[PDB]
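Peer 1: Take these chains first, placed just as they are in the complex:
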Amino acid sequence: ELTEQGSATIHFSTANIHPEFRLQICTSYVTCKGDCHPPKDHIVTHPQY
């Protein structure tokens, strides 16, 4: 849901240590960039997404 001047929070997953991608929002493209780190659990109980 888009507000007038609010901020939208989005959850996602990726397989890149240095994520950098173009995100499409409903008219336009924006640039997202960052650096992720290893999680803690060695063996999990849910699928890869």
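Peer 2: Great, that's in hand. Residues are numbered from 1 along each chain as shown, chains lettered A, B, ... in the order given.

Peer 1: C-alpha from now on. contacts and neighbour counts both.
Peer 2: Noted.

Peer 1: tell me the centre residue of chain A?
Peer 2: The centre of chain A sits closest to residue A:12, judged by CA atoms, centre = their mean, with a distance of 3.9 Å.

Peer 1: secondary structure element for that residue?
Peer 2: With secondary structure defined by DSSP states H and E, residue A:12 is part of neither a helix nor a strand.

Peer 1: And it, how close does it get to residue A:21?
Peer 2: According to CA to CA, to the nearest Å, residue A:12 and residue A:21 sit 12 Å apart.

Peer 1: what does residue A:6 give?
Peer 2: Between residue A:6 and residue A:21 the computed distance is 22 Å (CA to CA).

Peer 1: So for the two, which residue has more residues nearby?
Peer 2: Remark: of residue A:6 and residue A:21, residue A:21 carries more neighbours, 12 against 8, as counted by other CA atoms under 10 Å.

Peer 1: for that one, what are its contacts?
Peer 2: A:31-33 (CA atoms under 8 Å, 6 or more residues apart in numbering).

Peer 1: if we go to 6 Å?
Peer 2: Residues counted as contacts of residue A:21 (CA atoms under 6 Å, 6 or more residues apart in numbering) are residue A:32.

Peer 1: What would the host helix or strand of it look like as PDB? C-alpha coordinates only.
Peer 2: Using DSSP H and E, residue A:21 falls within strand A:20-25. C-alpha atoms of strand A:20-25 as PDB (Å, rounded to 0.1, in the frame of the first residue of the first chain):
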ATOM      1  CA  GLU A  20      22.800  -4.700  -6.200                       C
ATOM      2  CA  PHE A  21      19.600  -4.600  -8.300                       C
ATOM      3  CA  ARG A  22      17.000  -2.400 -10.100                       C
ATOM      4  CA  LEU A  23      13.600  -2.500  -8.400                       C
ATOM      5  CA  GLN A  24      10.400  -1.700 -10.300                       C
ATOM      6  CA  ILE A  25       7.800   0.300  -8.500                       C
END
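
Peer 1: Include this sequence as chain B:
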Amino acid sequence: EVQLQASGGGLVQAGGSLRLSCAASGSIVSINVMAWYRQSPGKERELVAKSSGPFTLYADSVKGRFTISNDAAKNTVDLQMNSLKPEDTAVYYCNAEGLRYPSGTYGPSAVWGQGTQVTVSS
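Peer 2: With chain B added, the chains above now look like this:
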């Protein structure tokens, strides 16, 4: 160095009632195994009583005639004797095992006292 001192015993007629007391002194705080052993002339050493905290044990030939009580606060063991028999003539030793020194330089595990002679006359 911990040592055990024995007291009590002595001469008595058949059917009498005596007390034996063994006391531990030295660098000790808590004790685990109180036991008594008897050694008649010409025979090997044998156990008579065994006390450790709330539990008490007795041998086959001595049930119903000897009672053992331990006082950990004073670290003493008292053996009450009642209705003695001529087979009881022997020298009685008191044993201490599982000694917990209070750091308390770790040292010998078990110790032994001189013991006391008990003789009943028919």
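
Peer 1: Once more for the contacts of residue A:21, now including chain B?
Peer 2: Going by CA atoms under 6 Å, 6 or more residues apart in numbering or on different chains, residue A:21 touches residue A:32.

Peer 1: if we go to 7 Å?
Peer 2: By CA atoms under 7 Å, 6 or more residues apart in numbering or on different chains, residue A:21 lies in contact with A:31-33.

Peer 1: separation between it and residue B:31?
Peer 2: According to CA to CA, residue A:21 and residue B:31 sit 73 Å apart.

Peer 1: Skipping its backbone neighbours, what lies nearest residue 29 in space?
Peer 2: All of this refers to chain A. Distances taken as CA to CA, 6 or more residues apart in numbering or on different chains place residue A:23 nearest to residue A:29, at 5.5 Å, with adjacent residues excluded.

Peer 1: my bad, the chain I had in mind was chain B
Peer 2: Nearest to residue B:29 is residue B:102, by CA to CA, 6+ apart, at 5.7 Å.

Peer 1: check which helix or strand covers that neighbour.
Peer 2: Assessed by DSSP H and E, residue B:102 sits outside every helix and strand.

Peer 1: Ok, residue B:105 next?
Peer 2: Take DSSP H and E as the rule and residue B:105 turns out to sit in neither a helix nor a strand.

Peer 1: What is the neighbour count of it?
Peer 2: Applying other CA atoms under 10 Å in any protein chain shown, we find 11 residues neighbouring residue B:105.

Peer 1: can you pull up the bridge partners for the residue nearest to residue A:29?
Peer 2: For residue A:23, the beta-bridge partners under DSSP bridges are residue A:30.

Peer 1: what sits against it?
Peer 2: Here residue A:23 is in contact with A:29-31 (CA under 7 Å, 6+ apart).

Peer 1: quick one: it from residue A:33, how far?
Peer 2: With CA to CA as the criterion, residue A:23 and residue A:33 are 10 Å apart.

Peer 1: quick one: residue B:46 from residue A:21, how far?
Peer 2: 87 Å.

Peer 1: Now do the strand holding residue A:21: distance to the chain's middle.
Peer 2: Distance of strand A:20-25 from its chain centroid, counting by CA atoms, centre = their mean, to the nearest Å, is 9 Å.

Peer 1: add chain C to what we have:
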Amino acid sequence: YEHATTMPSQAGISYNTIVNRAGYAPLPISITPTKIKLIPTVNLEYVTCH
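Peer 2: Let me add chain C to what's already shown:
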């Protein structure tokens, strides 16, 4: 997670450490030694007096 640290041998002073993680916030540690005993292992030989 394993973390090694060194402690000067002196009581009466505080000591602060930070445990750093690349993806998580740092964790604080505060340590104060109150009293250190160096107890010798001593045996008894004999006693004497007047």
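
Peer 1: Revisit the contacts of residue A:21 given that chain C is now included?
Peer 2: Listed by CA under 7 Å, 6+ apart, the contact set of residue A:21 reads A:31-33.

Peer 1: What residues does chain C have near chain B?
Peer 2: Within chain C, the positions near chain B by CA under 7 Å from any CA of the partner chain are C:41-44.

Peer 1: with the residues you listed in mind, which one is nearest to residue B:82?
Peer 2: Of all the residues of chain C next to chain B, residue C:44 has the smallest distance to residue B:82: 39.2 Å, by CA to CA.

Peer 1: Tell me both backbone torsions, phi and psi, for the closest one.
Peer 2: phi -100, psi 130 (degrees, to the nearest 10).

Peer 1: Where does the nearest residue to it once chain neighbours are set aside sit: helix, strand or coil?
Peer 2: Closest residue to residue C:44 apart from its sequence neighbours, by CA to CA, 6+ apart: residue B:1 at 5.6 Å. Counting by DSSP: H, G, I helix; E, B strand; the rest coil, the backbone at residue B:1 sits in coil.

Peer 1: Residue B:1 touches residue B:26, doesn't it?
Peer 2: Yes - counting by CA atoms under 7 Å, residue B:26 is a contact partner of residue B:1 at 5.7 Å.

Peer 1: more neighbours, these two?
Peer 2: A count of neighbours by other CA under 10 Å puts residue B:1 above the other of residue B:1 and residue B:26, at 15 against 12.

Peer 1: what's that one in contact with, if anything?
Peer 2: The contact partners of residue B:1, taken as CA under 7 Å, 6+ apart, are B:26-27, C:43-44.

Peer 1: same check, this time on residue B:26
Peer 2: Contacts of residue B:26 (CA under 7 Å, 6+ apart): B:1-3.

Peer 1: May I see the residues of chain C next to chain B arranged in TSV, with secondary structure and neighbour count as well?
Peer 2: Listed next are the residues of chain C next to chain B as TSV, based on DSSP: H, G, I helix; E, B strand; the rest coil; neighbours: other CA atoms under 10 Å in any protein chain shown:
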residue	secondary structure	neighbour count
C:41	coil	10
C:42	coil	11
C:43	coil	12
C:44	coil	10
